[PDB]
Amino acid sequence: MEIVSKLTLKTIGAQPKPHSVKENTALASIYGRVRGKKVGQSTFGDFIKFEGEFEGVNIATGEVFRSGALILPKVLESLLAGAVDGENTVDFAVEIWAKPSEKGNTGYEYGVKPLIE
């Protein structure tokens, strides 16, 4: 089990290269306990650093990762930010997918579903 300072689709090794997603592709399973969040700033946009305890699995490789921080793609970050707006602690378990999309920077969008689904 590798420890990463931030759990992200990139640090898990599961971010597809641009224009490589031609069908729905399962990327990672993420198990989380969220107990805080901080806004982070980068040159070309802000993001939320979720804090707590996270475990991620790269579905294609089987590799397992652990972290105290989580950063999600924008569409999923907004979903989790709502879900943690009214509860002091949130536990979750989700699977993240890439779906083919309109031509953009990457040609794919992110989807998410509960692992229990």
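Residue numbers run from 1 along the displayed sequence.
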property: Per the entry, higher mean C-alpha B factor between 5-13 and 96-104; result: 96-104
property: Higher-B stretch (mean Cα B-factor, as the entry records it), 65-73 or 84-92; result: 84-92
property: Record-listed C-alpha B factor of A60: chain third; result: middle
property: Record-listed C-alpha B factor of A26: chain third; result: middle
property: Assigned third (lowest, middle, highest) for the C-alpha B factor of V34; result: lowest
